[PDB]
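Remarks on the structure that follows.
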Amino acid sequence: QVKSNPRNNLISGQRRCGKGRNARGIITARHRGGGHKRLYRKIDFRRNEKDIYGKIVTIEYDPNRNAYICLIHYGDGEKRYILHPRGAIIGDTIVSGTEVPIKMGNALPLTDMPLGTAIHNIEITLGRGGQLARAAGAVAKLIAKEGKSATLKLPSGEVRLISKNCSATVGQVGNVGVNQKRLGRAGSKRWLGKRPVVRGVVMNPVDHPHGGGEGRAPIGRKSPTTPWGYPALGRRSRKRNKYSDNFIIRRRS
Amino acid sequence: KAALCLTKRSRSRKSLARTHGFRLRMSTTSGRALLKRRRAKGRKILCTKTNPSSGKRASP
RNA sequence: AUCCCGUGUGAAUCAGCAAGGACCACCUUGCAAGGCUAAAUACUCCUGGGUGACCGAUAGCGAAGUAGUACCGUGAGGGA
RNA sequence: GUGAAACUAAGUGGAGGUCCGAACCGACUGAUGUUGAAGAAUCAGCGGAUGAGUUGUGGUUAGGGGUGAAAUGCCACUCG
RNA sequence: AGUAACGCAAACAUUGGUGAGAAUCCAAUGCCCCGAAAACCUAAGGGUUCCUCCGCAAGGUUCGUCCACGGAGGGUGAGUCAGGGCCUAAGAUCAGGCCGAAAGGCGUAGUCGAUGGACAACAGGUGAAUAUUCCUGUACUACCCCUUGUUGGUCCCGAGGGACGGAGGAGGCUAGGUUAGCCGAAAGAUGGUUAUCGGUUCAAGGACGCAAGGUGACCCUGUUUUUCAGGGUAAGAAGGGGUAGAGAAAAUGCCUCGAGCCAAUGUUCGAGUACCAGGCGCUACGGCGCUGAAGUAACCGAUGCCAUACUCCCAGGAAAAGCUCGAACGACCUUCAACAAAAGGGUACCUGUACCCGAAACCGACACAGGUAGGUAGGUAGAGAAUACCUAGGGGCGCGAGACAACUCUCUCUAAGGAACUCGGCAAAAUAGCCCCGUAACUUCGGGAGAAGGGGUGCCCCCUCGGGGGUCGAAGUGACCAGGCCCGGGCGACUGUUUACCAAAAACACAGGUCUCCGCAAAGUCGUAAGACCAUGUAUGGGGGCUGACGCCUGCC
RNA sequence: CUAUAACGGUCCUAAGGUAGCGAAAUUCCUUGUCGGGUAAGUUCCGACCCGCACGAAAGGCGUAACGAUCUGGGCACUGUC
Ligand SMILES: [Mg+2]
Ligand SMILES: [Mg+2]
Ligand SMILES: [Mg+2]
Ligand SMILES: [Mg+2]
Ligand SMILES: [Mg+2]
Ligand SMILES: [Mg+2]
Ligand SMILES: [Mg+2]
Ligand SMILES: [Mg+2]
Ligand SMILES: [Mg+2]
Ligand SMILES: [Mg+2]
Ligand SMILES: [Mg+2]
Ligand SMILES: [Mg+2]
Ligand SMILES: [Mg+2]
Ligand SMILES: [Mg+2]
Ligand SMILES: [Mg+2]
Ligand SMILES: [Mg+2]
Ligand SMILES: [Mg+2]
Ligand SMILES: [Mg+2]
Ligand SMILES: [Mg+2]
Ligand SMILES: [Mg+2]
Ligand SMILES: [Mg+2]
Ligand SMILES: [Mg+2]
Ligand SMILES: [Mg+2]
Ligand SMILES: [Mg+2]
Ligand SMILES: [Mg+2]
Ligand SMILES: [Mg+2]
Ligand SMILES: [Mg+2]
Ligand SMILES: [Mg+2]
Ligand SMILES: [Mg+2]
Ligand SMILES: [Mg+2]
Ligand SMILES: [Mg+2]
Ligand SMILES: [Mg+2]
Ligand SMILES: [Mg+2]
Ligand SMILES: [Mg+2]
Ligand SMILES: [Mg+2]
Ligand SMILES: [Mg+2]
Ligand SMILES: [Mg+2]
Ligand SMILES: [Mg+2]
Ligand SMILES: [Mg+2]
Ligand SMILES: [Mg+2]
Ligand SMILES: [Mg+2]
Ligand SMILES: [Mg+2]
Ligand SMILES: [Mg+2]
Ligand SMILES: [Mg+2]
Ligand SMILES: [Mg+2]
Ligand SMILES: [Mg+2]
Ligand SMILES: [Mg+2]
Ligand SMILES: [Mg+2]
Ligand SMILES: [Mg+2]
Ligand SMILES: [Mg+2]
Ligand SMILES: [Mg+2]
Ligand SMILES: [Mg+2]
Ligand SMILES: [Mg+2]
Ligand SMILES: [Mg+2]
Ligand SMILES: [Mg+2]
Ligand SMILES: [Mg+2]
Ligand SMILES: [Mg+2]
Ligand SMILES: [Mg+2]
Ligand SMILES: [Mg+2]
Ligand SMILES: [Mg+2]
Ligand SMILES: [Mg+2]
Ligand SMILES: [Mg+2]
Ligand SMILES: [Mg+2]
Ligand SMILES: [Mg+2]
Ligand SMILES: [Mg+2]
Ligand SMILES: [Mg+2]
Ligand SMILES: [Mg+2]
Ligand SMILES: [Mg+2]
Ligand SMILES: [Mg+2]
Ligand SMILES: [Mg+2]
Ligand SMILES: [Mg+2]
Ligand SMILES: [Mg+2]
Ligand SMILES: [Mg+2]
Ligand SMILES: [Mg+2]
Ligand SMILES: [Mg+2]
Ligand SMILES: [Mg+2]
Ligand SMILES: [Mg+2]
Ligand SMILES: [Mg+2]
Ligand SMILES: [Mg+2]
Ligand SMILES: [Mg+2]
Ligand SMILES: [Mg+2]
Ligand SMILES: [Mg+2]
Ligand SMILES: [Mg+2]
Ligand SMILES: [Mg+2]
Ligand SMILES: [Mg+2]
Ligand SMILES: [Mg+2]
Ligand SMILES: [Mg+2]
Ligand SMILES: [Mg+2]
Ligand SMILES: [Mg+2]
Ligand SMILES: [Mg+2]
Ligand SMILES: [Mg+2]
Ligand SMILES: [Mg+2]
Ligand SMILES: [Mg+2]
Ligand SMILES: [Mg+2]
Ligand SMILES: [Mg+2]
Ligand SMILES: [Mg+2]
Ligand SMILES: [Mg+2]
Ligand SMILES: [Mg+2]
Ligand SMILES: [Mg+2]
Ligand SMILES: [Mg+2]
Ligand SMILES: [Mg+2]
Ligand SMILES: [Mg+2]
Ligand SMILES: [Mg+2]
Ligand SMILES: [Mg+2]
Ligand SMILES: [Mg+2]
Ligand SMILES: [Mg+2]
Ligand SMILES: [Mg+2]
Ligand SMILES: [Mg+2]
Ligand SMILES: [Mg+2]
Ligand SMILES: [Mg+2]
Ligand SMILES: [Mg+2]
Ligand SMILES: [Mg+2]
Ligand SMILES: [Mg+2]
Ligand SMILES: [Mg+2]
Ligand SMILES: [Mg+2]
Ligand SMILES: [Mg+2]
Ligand SMILES: [Mg+2]
Ligand SMILES: [Mg+2]
Ligand SMILES: [Mg+2]
Ligand SMILES: [Mg+2]
Ligand SMILES: [Mg+2]
Ligand SMILES: [Mg+2]
Ligand SMILES: [Mg+2]
Ligand SMILES: [Mg+2]
Ligand SMILES: [Mg+2]
Ligand SMILES: [Mg+2]
Ligand SMILES: [Mg+2]
Ligand SMILES: [Mg+2]
Ligand SMILES: [Mg+2]
Ligand SMILES: [Mg+2]
Ligand SMILES: [Mg+2]
Ligand SMILES: [Mg+2]
Ligand SMILES: [Mg+2]
Ligand SMILES: [Mg+2]
């Protein structure tokens, strides 16, 4: 399950370092920092190399995502990491291409997938790489296809059109029990480098729109507010007219 | 555990001249304005924190 | 009004075009959308002469001697 | 122990924002100090001490800003 | 006002000496203090404070013959130590490139950038002031030089390697230490005594080597599985070879050969006419010349070494160069040219190097009761790097002398009482280690808990491997060191964080809960923009709002 | 029977405070009243409810462990007296 190997050439040390600091060096993305140094595994999300037969040699832990990852070999000696499908066991065999059996871990375009299939690691754009449903226990069903476009129900429940020629992988993403953990102590947050968050109501007026009323503050604001002055609850931020809109059918509920 | 006044500690000279050094003031426009106006006042010493790269005052 | 710029429209060639403090007629004056040009005028880190109902070491330049020095400041800077 | 399992001493094992306690980090009470030995200390006690730990060197973020386990705190004895 | 003070309560004393002058300068003899430093060394910093001679205006909280002060004159020696001539991290700059009134902003290759990777030296001697640097010994890197052997080498490129966490304990060892043995000296005016005092040291490096250590699959039988014993299986370990696919090396697949391997440490050379207790002689009485005995063994034993060796855990633990391997592509060079080797001789780039560095030299305006990374870690008692007393080494605090009032402060003790004190048991006193017995309500079943409470404890013999007997004392963990505890309630679950310098909490955080936004050219944040973060992530994820473990709940408008 | 009000009438609102707690870090009058602890108790504990002006994620009510927390009492101990 989790047994450490030596380092395959897929594990490097190069990476952004200040987490949450941008070019100007400012904290843009709050609360990061601290936490264990990690190494970046190079996942193969495109699965683009066609028509060769891969074998799952092992199953490895990855610090950068909550899913698992699988080291796979080929007859050609090339080694790749793929996201670990749910139920795949060492000794298993996977392949990608157009005309392919449909089993766990095989990747194919959406033209060839029988409606009703449960899919993960879904490209939205030809050859851009897989994007949708990569997290642990994430899965999306392929409901209907018509014309040049295929329809999925994403793990958020949102139904959406994509191109019929975009690759995707059969089977759900493994390590389903991950959100069943209970961290149990503060330190165990910090280990993940998620630093402590202050409630608005606490801070001084300069610092945040729920600023200190004498003892304890009800939020007198006629509305719950972002640090930056926007309504906190139920105000849709989706860009009104984005190109995406023609594709999107039903919105997540 | 140290007093407030202790702001200036023992800091490597290398580090300081990488901050207030000559070659630093030369880089920015604001620095060149610096050196013009020190030269105007006719100071004997342009960049107070400077440092030989190698020599008797060298930091390794 | 005259003048010059953003966005959009967009002329007329001397039987014209512009200006004469909205605008129109008449008369007068002028020729935009190519350039370049000396002097009379401004100034003192200074150079050479000259004068001073200007100072004379707490004055006159911060500085009549190591003076932007000593010293202070991480530094910009302060400064006898 | 039943056929599966549960249940229970035993040994092994060595988990823990575990315990006691020096270094180290702090700063709870008291006394002294108050033209101090010291622009925040000494003395006796006190808290943490494998962690959300301590620290070195080299870096980063700069004032309509930064950083903040949030005190208007801190940003060179200066900070509404 | 000739008043307060003279910067800790480590402590001085005397005899000589120098000198115009000595509580303070030098030496001797005592005494006292530090000894996980108040010792020795190194990073940073300082900058000549280092050493010698001269001086005593100013400085020095007194003095001064003295000095970190003033005047002169000196002093820092490296192929191997530390940086540079090597490599990259965070970060910085950034050709071209994108953006921007200007200045500039973003950013790719490149190039910088050690706190890390790589890379070769130790012992003894000299020594007014330097020493892994100079001397004498053995070493070791990198080049060059010749012989021999090959013909292509060199860079660009393909690869392997470099290359990595925490916690735990068990080994196997050294470093140190202690006691013997050997050697040399010993009479230290006392009742006895040699039971005493000194010595017993040696490095880098080179050759050898490895078990009672650690690793080397399974199956049957036994030793507790283990250390083992017999058999068998056929790669079954470090380690090598071959083959296959577009396929050189590599990776990958199939085949084969190997029972040993690993590395601290150890033996031997280095290494003795080295070093050294004493012995002899000189004394400018400071130091010097001369000859040198023994130089082994046992038991304790690391926080150091093997060691990134193991086992376990989740929070999943740098890059690049040197290095090893190698065909095609490209560039360049080519014969006594280049490369490959074991010897031999040769050859040897800059900069630091003084001194101080738990400090009177750095940081605190002071010769200031303070701050300042790292290294080395002796004795007796002790669990210990705590404490006490000491070694090595270093010190006696840059004002003294008296006297012994009030009073203040740092301390010891106090008859009878025992919180009557006071805002309040504030401060003091009390308790304390170790072994043995015993141990409640309550509970999230982990706790509570060292609960509470009780007993024992020195020194001798005897027995078993704890028990009995004796014996001192008023008192036996006799000093130092070393928990007061119980019964209630509020608040906050908890460890944490916080107002540097008047507030440490009931405030903040927190695990958990819940609402809402966000389909990836995401929402959100910062930018005039380019773009950056978010994220090299993708709804079991990312923003934001309130609440705050666990339990019972969360009503109406 | 004194009393109190389960029950009715009316008024006004978007709707009229349920569970649980309650002289509380909330209680003005107020050292409320009662009980306990003390020779004596404006604090403390338990309970009443007449909540000036509790109350359900600005969470309500419990709660083992924990605290240089706040607050009451007790043994030991003492120049605190
Ligand atoms: Mg790696
Ligand atoms: Mg590797
Ligand atoms: Mg920057
Ligand atoms: Mg919070
Ligand atoms: Mg506040
Ligand atoms: Mg602010
Ligand atoms: Mg902010
Ligand atoms: Mg506001
Ligand atoms: Mg408010
Ligand atoms: Mg209020
Ligand atoms: Mg200066
Ligand atoms: Mg005009
Ligand atoms: Mg006019
Ligand atoms: Mg204009
Ligand atoms: Mg126009
Ligand atoms: Mg025309
Ligand atoms: Mg006009
Ligand atoms: Mg005209
Ligand atoms: Mg014209
Ligand atoms: Mg015009
Ligand atoms: Mg013209
Ligand atoms: Mg012109
Ligand atoms: Mg004068
Ligand atoms: Mg003057
Ligand atoms: Mg005069
Ligand atoms: Mg602990
Ligand atoms: Mg504790
Ligand atoms: Mg603090
Ligand atoms: Mg203290
Ligand atoms: Mg302590
Ligand atoms: Mg402790
Ligand atoms: Mg731990
Ligand atoms: Mg610090
Ligand atoms: Mg903070
Ligand atoms: Mg406030
Ligand atoms: Mg300043
Ligand atoms: Mg300040
Ligand atoms: Mg303030
Ligand atoms: Mg007087
Ligand atoms: Mg007097
Ligand atoms: Mg006096
Ligand atoms: Mg004084
Ligand atoms: Mg003194
Ligand atoms: Mg002593
Ligand atoms: Mg010293
Ligand atoms: Mg020394
Ligand atoms: Mg140094
Ligand atoms: Mg000098
Ligand atoms: Mg000297
Ligand atoms: Mg003098
Ligand atoms: Mg004097
Ligand atoms: Mg003399
Ligand atoms: Mg001198
Ligand atoms: Mg970089
Ligand atoms: Mg730039
Ligand atoms: Mg450019
Ligand atoms: Mg770059
Ligand atoms: Mg460099
Ligand atoms: Mg280094
Ligand atoms: Mg080198
Ligand atoms: Mg070296
Ligand atoms: Mg010396
Ligand atoms: Mg030497
Ligand atoms: Mg020798
Ligand atoms: Mg060599
Ligand atoms: Mg390479
Ligand atoms: Mg490393
Ligand atoms: Mg060991
Ligand atoms: Mg030994
Ligand atoms: Mg003995
Ligand atoms: Mg004998
Ligand atoms: Mg005698
Ligand atoms: Mg002896
Ligand atoms: Mg050897
Ligand atoms: Mg050899
Ligand atoms: Mg063996
Ligand atoms: Mg090959
Ligand atoms: Mg081949
Ligand atoms: Mg191979
Ligand atoms: Mg032993
Ligand atoms: Mg340790
Ligand atoms: Mg490991
Ligand atoms: Mg070629
Ligand atoms: Mg070769
Ligand atoms: Mg030296
Ligand atoms: Mg030296
Ligand atoms: Mg000191
Ligand atoms: Mg002194
Ligand atoms: Mg001092
Ligand atoms: Mg010891
Ligand atoms: Mg003890
Ligand atoms: Mg012992
Ligand atoms: Mg001690
Ligand atoms: Mg001594
Ligand atoms: Mg006295
Ligand atoms: Mg005493
Ligand atoms: Mg008494
Ligand atoms: Mg008595
Ligand atoms: Mg009595
Ligand atoms: Mg009593
Ligand atoms: Mg009383
Ligand atoms: Mg009382
Ligand atoms: Mg009284
Ligand atoms: Mg007390
Ligand atoms: Mg006491
Ligand atoms: Mg006692
Ligand atoms: Mg007990
Ligand atoms: Mg208790
Ligand atoms: Mg007892
Ligand atoms: Mg007895
Ligand atoms: Mg309590
Ligand atoms: Mg109360
Ligand atoms: Mg708390
Ligand atoms: Mg802090
Ligand atoms: Mg404070
Ligand atoms: Mg506290
Ligand atoms: Mg305080
Ligand atoms: Mg706070
Ligand atoms: Mg949360
Ligand atoms: Mg966006
Ligand atoms: Mg709250
Ligand atoms: Mg009352
Ligand atoms: Mg009242
Ligand atoms: Mg009463
Ligand atoms: Mg009272
Ligand atoms: Mg009550
Ligand atoms: Mg109320
Ligand atoms: Mg209310
Ligand atoms: Mg409330
Ligand atoms: Mg409440
Ligand atoms: Mg609410
Ligand atoms: Mg609450
Ligand atoms: Mg409780
Ligand atoms: Mg605490």
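The way I read the labels, and the way they are meant: chains A, B, ... in the order of the structure tokens, residue 1 as the first residue of every chain, and ligand 1 as the first ligand shown, with later ones counted on from there.
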(message) If the limit is 10 Å from any atom of ligand 55, counting only C-alpha atoms (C1' of nucleotides) and all ligand atoms, which residues qualify? Return them as JSON, numbers by chain.
(response) {"E": [92, 93, 94, 104, 105, 106, 107]}
Written selection (C-alpha atoms (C1' of nucleotides)) as a PDB file, in the first residue's frame:
ATOM      1  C1'   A E  92      19.261  38.527  -6.996  1.00  0.00           C
ATOM      2  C1'   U E  93      20.318  40.467 -11.754  1.00  0.00           C
ATOM      3  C1'   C E  94      18.659  39.390 -16.439  1.00  0.00           C
ATOM      4  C1'   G E 104      10.987  51.717 -14.848  1.00  0.00           C
ATOM      5  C1'   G E 105       7.580  46.627 -14.074  1.00  0.00           C
ATOM      6  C1'   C E 106       7.275  41.364 -15.373  1.00  0.00           C
ATOM      7  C1'   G E 107      10.271  37.470 -17.438  1.00  0.00           C
TER       8        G E 107
END
Per residue of chain E within 10 Å of ligand 62, record the nearest atom pair and its distance in Å to one decimal, counting only C-alpha atoms (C1' of nucleotides) and all ligand atoms, with rows in chain order and ascending residue number, as a tab-separated table.
residue	atom	partner	partner_atom_place_in_ligand_line	distance
E:50	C1'	ligand 62	1 (Mg)	8.4
E:129	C1'	ligand 62	1 (Mg)	7.5
E:130	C1'	ligand 62	1 (Mg)	7.5
E:131	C1'	ligand 62	1 (Mg)	9.8
E:354	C1'	ligand 62	1 (Mg)	8.0
E:355	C1'	ligand 62	1 (Mg)	7.9
What does the file look like for those residues with N, CA, C and O atoms (P, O5', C5', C4', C3', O3' and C1' of nucleotides), as a PDB file, in the first residue's frame?
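Listed below is the output, out.pdb:
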ATOM      1  P     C E  50      48.480  45.597  23.170  1.00  0.00           P
ATOM      2  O5'   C E  50      48.037  44.360  22.285  1.00  0.00           O
ATOM      3  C5'   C E  50      47.774  43.103  22.872  1.00  0.00           C
ATOM      4  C4'   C E  50      48.524  42.029  22.133  1.00  0.00           C
ATOM      5  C3'   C E  50      50.038  42.044  22.312  1.00  0.00           C
ATOM      6  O3'   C E  50      50.449  41.323  23.474  1.00  0.00           O
ATOM      7  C1'   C E  50      49.500  41.948  19.999  1.00  0.00           C
ATOM      8  P     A E 129      57.217  34.943  22.229  1.00  0.00           P
ATOM      9  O5'   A E 129      56.471  36.117  21.473  1.00  0.00           O
ATOM     10  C5'   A E 129      55.175  36.526  21.863  1.00  0.00           C
ATOM     11  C4'   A E 129      54.558  37.343  20.770  1.00  0.00           C
ATOM     12  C3'   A E 129      54.378  36.618  19.440  1.00  0.00           C
ATOM     13  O3'   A E 129      53.164  35.872  19.386  1.00  0.00           O
ATOM     14  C1'   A E 129      55.416  38.728  19.090  1.00  0.00           C
ATOM     15  P     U E 130      53.140  34.303  19.004  1.00  0.00           P
ATOM     16  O5'   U E 130      53.163  34.287  17.409  1.00  0.00           O
ATOM     17  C5'   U E 130      52.163  34.967  16.663  1.00  0.00           C
ATOM     18  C4'   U E 130      52.072  34.449  15.253  1.00  0.00           C
ATOM     19  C3'   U E 130      51.667  32.989  15.120  1.00  0.00           C
ATOM     20  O3'   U E 130      50.257  32.821  15.077  1.00  0.00           O
ATOM     21  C1'   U E 130      53.614  33.411  13.829  1.00  0.00           C
ATOM     22  P     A E 131      49.512  31.685  15.945  1.00  0.00           P
ATOM     23  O5'   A E 131      49.664  30.370  15.064  1.00  0.00           O
ATOM     24  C5'   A E 131      50.879  29.636  15.076  1.00  0.00           C
ATOM     25  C4'   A E 131      51.062  28.832  13.816  1.00  0.00           C
ATOM     26  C3'   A E 131      51.016  27.321  14.022  1.00  0.00           C
ATOM     27  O3'   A E 131      50.119  26.692  13.121  1.00  0.00           O
ATOM     28  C1'   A E 131      53.081  27.967  12.959  1.00  0.00           C
ATOM     29  P     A E 354      46.019  34.952  13.737  1.00  0.00           P
ATOM     30  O5'   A E 354      47.031  36.139  14.071  1.00  0.00           O
ATOM     31  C5'   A E 354      48.436  35.930  14.108  1.00  0.00           C
ATOM     32  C4'   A E 354      49.116  37.019  14.892  1.00  0.00           C
ATOM     33  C3'   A E 354      48.499  37.323  16.253  1.00  0.00           C
ATOM     34  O3'   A E 354      48.978  36.462  17.281  1.00  0.00           O
ATOM     35  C1'   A E 354      48.789  39.340  15.037  1.00  0.00           C
ATOM     36  P     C E 355      47.989  35.494  18.117  1.00  0.00           P
ATOM     37  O5'   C E 355      47.131  36.512  18.980  1.00  0.00           O
ATOM     38  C5'   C E 355      47.796  37.343  19.905  1.00  0.00           C
ATOM     39  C4'   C E 355      46.956  38.518  20.310  1.00  0.00           C
ATOM     40  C3'   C E 355      45.553  38.221  20.793  1.00  0.00           C
ATOM     41  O3'   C E 355      45.510  37.687  22.106  1.00  0.00           O
ATOM     42  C1'   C E 355      45.492  40.050  19.326  1.00  0.00           C
TER      43        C E 355
END
(message) List as a list in words the protein and nucleic acid residues near residue 237 of chain A, meaning an atom at most 7 Å away when only C-alpha atoms (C1' of nucleotides) are counted, but skip any in the same chain fewer than 2 places from it.
(response)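 Skipping anything fewer than 2 positions along the chain leaves residues 235 and 239 of chain A; 517 and 523 of chain E.
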(message) I need the contact residues of chain B against chain D, so if you could list those with any atom within 8 Å, counting only C-alpha atoms (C1' of nucleotides), and return them as a PyMOL selection string, that would help.
(response) chain B and resi 4-5+7-8
(request) Could you jot down the atom 1 (Mg, counted along the ligand's line) of ligand 24 to atom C1' of residue 69 of chain C separation for me, Å, one decimal place? (result)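 Interatomic distance, atom 1 (Mg, counted along the ligand's line) of ligand 24 to atom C1' of residue 69 of chain C: 15.3 Å.
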(message) Using only C-alpha atoms (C1' of nucleotides) and all ligand atoms, which residues of the polymer chains come no farther than 10 Å from ligand 71? I'd like the answer as a PyMOL selection string.
(response) chain E and resi 180-182
(request) May I have the residues within 12 Å of ligand 96, computed using only C-alpha atoms (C1' of nucleotides) and all ligand atoms, as a PyMOL selection string? (result) chain E and resi 410-413+479-480
The selected residues should be written to file as a PDB file, in the first residue's frame (atoms: N, CA, C and O atoms (P, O5', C5', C4', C3', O3' and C1' of nucleotides)).
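Generated file (part30.pdb):
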ATOM      1  P     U E 410      15.735  42.657  51.117  1.00  0.00           P
ATOM      2  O5'   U E 410      17.082  41.806  51.165  1.00  0.00           O
ATOM      3  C5'   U E 410      17.696  41.373  49.956  1.00  0.00           C
ATOM      4  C4'   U E 410      18.972  40.613  50.209  1.00  0.00           C
ATOM      5  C3'   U E 410      18.824  39.309  50.968  1.00  0.00           C
ATOM      6  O3'   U E 410      18.457  38.238  50.114  1.00  0.00           O
ATOM      7  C1'   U E 410      20.543  40.584  51.943  1.00  0.00           C
ATOM      8  P     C E 411      17.578  37.009  50.665  1.00  0.00           P
ATOM      9  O5'   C E 411      18.521  36.326  51.757  1.00  0.00           O
ATOM     10  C5'   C E 411      18.031  35.957  53.037  1.00  0.00           C
ATOM     11  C4'   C E 411      19.171  35.623  53.965  1.00  0.00           C
ATOM     12  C3'   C E 411      18.838  34.810  55.209  1.00  0.00           C
ATOM     13  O3'   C E 411      18.705  33.411  54.960  1.00  0.00           O
ATOM     14  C1'   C E 411      20.187  36.635  55.810  1.00  0.00           C
ATOM     15  P     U E 412      17.497  32.563  55.621  1.00  0.00           P
ATOM     16  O5'   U E 412      18.025  32.220  57.083  1.00  0.00           O
ATOM     17  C5'   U E 412      19.142  31.365  57.256  1.00  0.00           C
ATOM     18  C4'   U E 412      19.641  31.352  58.684  1.00  0.00           C
ATOM     19  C3'   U E 412      18.628  31.101  59.786  1.00  0.00           C
ATOM     20  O3'   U E 412      18.199  29.750  59.893  1.00  0.00           O
ATOM     21  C1'   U E 412      20.070  32.842  60.429  1.00  0.00           C
ATOM     22  P     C E 413      16.655  29.424  60.231  1.00  0.00           P
ATOM     23  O5'   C E 413      16.507  29.816  61.763  1.00  0.00           O
ATOM     24  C5'   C E 413      17.231  29.090  62.739  1.00  0.00           C
ATOM     25  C4'   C E 413      17.240  29.783  64.076  1.00  0.00           C
ATOM     26  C3'   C E 413      15.900  29.980  64.750  1.00  0.00           C
ATOM     27  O3'   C E 413      15.375  28.790  65.321  1.00  0.00           O
ATOM     28  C1'   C E 413      17.182  31.936  64.978  1.00  0.00           C
ATOM     29  P     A E 479      20.514  16.705  55.641  1.00  0.00           P
ATOM     30  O5'   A E 479      21.800  17.579  55.304  1.00  0.00           O
ATOM     31  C5'   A E 479      22.181  18.687  56.110  1.00  0.00           C
ATOM     32  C4'   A E 479      23.234  19.500  55.406  1.00  0.00           C
ATOM     33  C3'   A E 479      22.825  19.991  54.029  1.00  0.00           C
ATOM     34  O3'   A E 479      22.133  21.223  54.083  1.00  0.00           O
ATOM     35  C1'   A E 479      24.932  18.925  53.895  1.00  0.00           C
ATOM     36  P     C E 480      20.852  21.465  53.153  1.00  0.00           P
ATOM     37  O5'   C E 480      21.460  21.676  51.700  1.00  0.00           O
ATOM     38  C5'   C E 480      22.363  22.734  51.414  1.00  0.00           C
ATOM     39  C4'   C E 480      23.018  22.496  50.084  1.00  0.00           C
ATOM     40  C3'   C E 480      22.043  22.227  48.949  1.00  0.00           C
ATOM     41  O3'   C E 480      21.549  23.417  48.349  1.00  0.00           O
ATOM     42  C1'   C E 480      23.746  20.568  48.959  1.00  0.00           C
TER      43        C E 480
END
(message) Taking only C-alpha atoms (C1' of nucleotides) and all ligand atoms into account, which residues have an atom no farther than 9 Å from ligand 133? I'd like them as a ChimeraX atom specification.
(response) /E:493 /F:63-65
(request) May I ask you to extract the residues of chain A within 9 Å of chain D, using only C-alpha atoms (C1' of nucleotides), and to give them as an MDAnalysis selection string? (result) chainID A and resid 18 21 24:27 185:191 195:199 202:204 206
(request) Among the residues of chain B, find those DSSP assigns to helix (DSSP H, G or I) from the backbone and print them as a list in words. (result) residues 4, 5, 6, 7, 13, 14, 15, 16, 17, 22, 23, 24, 25, 29, 30, 31, 32, 33, 34, 35, 36, 37, 38, 39, 40 and 41 of chain B
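Contacts from chain B to chain E at a cut-off of 7 Å (only C-alpha atoms (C1' of nucleotides)) map to residues 2, 4, 6, 9, 10, 11, 12, 54, 55 and 60 of chain B.
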(message) Residues within 9 Å of segment 14-27 of chain C, please, as an NGL selection string. Count only C-alpha atoms (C1' of nucleotides); anything in the same chain fewer than 5 positions from it doesn't count.
(response) :C and (1-2 or 32)
Residue subset to file, keeping N, CA and C atoms (P, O5', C5', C4', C3', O3' and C1' of nucleotides), as a PDB file, in the first residue's frame:
ATOM      1  P     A C   1     -16.790  78.283 -28.553  1.00  0.00           P
ATOM      2  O5'   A C   1     -16.087  79.184 -29.667  1.00  0.00           O
ATOM      3  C5'   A C   1     -16.816  79.701 -30.772  1.00  0.00           C
ATOM      4  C4'   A C   1     -16.283  81.043 -31.209  1.00  0.00           C
ATOM      5  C3'   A C   1     -14.820  81.091 -31.605  1.00  0.00           C
ATOM      6  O3'   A C   1     -14.601  80.643 -32.932  1.00  0.00           O
ATOM      7  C1'   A C   1     -15.321  82.915 -30.190  1.00  0.00           C
ATOM      8  P     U C   2     -13.698  79.345 -33.232  1.00  0.00           P
ATOM      9  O5'   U C   2     -12.198  79.854 -33.040  1.00  0.00           O
ATOM     10  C5'   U C   2     -11.723  80.970 -33.774  1.00  0.00           C
ATOM     11  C4'   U C   2     -10.468  81.547 -33.181  1.00  0.00           C
ATOM     12  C3'   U C   2      -9.393  80.539 -32.823  1.00  0.00           C
ATOM     13  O3'   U C   2      -8.574  80.209 -33.932  1.00  0.00           O
ATOM     14  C1'   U C   2      -9.740  82.036 -31.010  1.00  0.00           C
ATOM     15  P     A C  32      -0.578  78.467 -45.370  1.00  0.00           P
ATOM     16  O5'   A C  32      -1.074  77.678 -44.072  1.00  0.00           O
ATOM     17  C5'   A C  32      -0.698  78.081 -42.756  1.00  0.00           C
ATOM     18  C4'   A C  32      -1.387  77.239 -41.701  1.00  0.00           C
ATOM     19  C3'   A C  32      -1.185  75.732 -41.818  1.00  0.00           C
ATOM     20  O3'   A C  32       0.004  75.294 -41.169  1.00  0.00           O
ATOM     21  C1'   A C  32      -3.493  76.218 -41.535  1.00  0.00           C
TER      22        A C  32
END
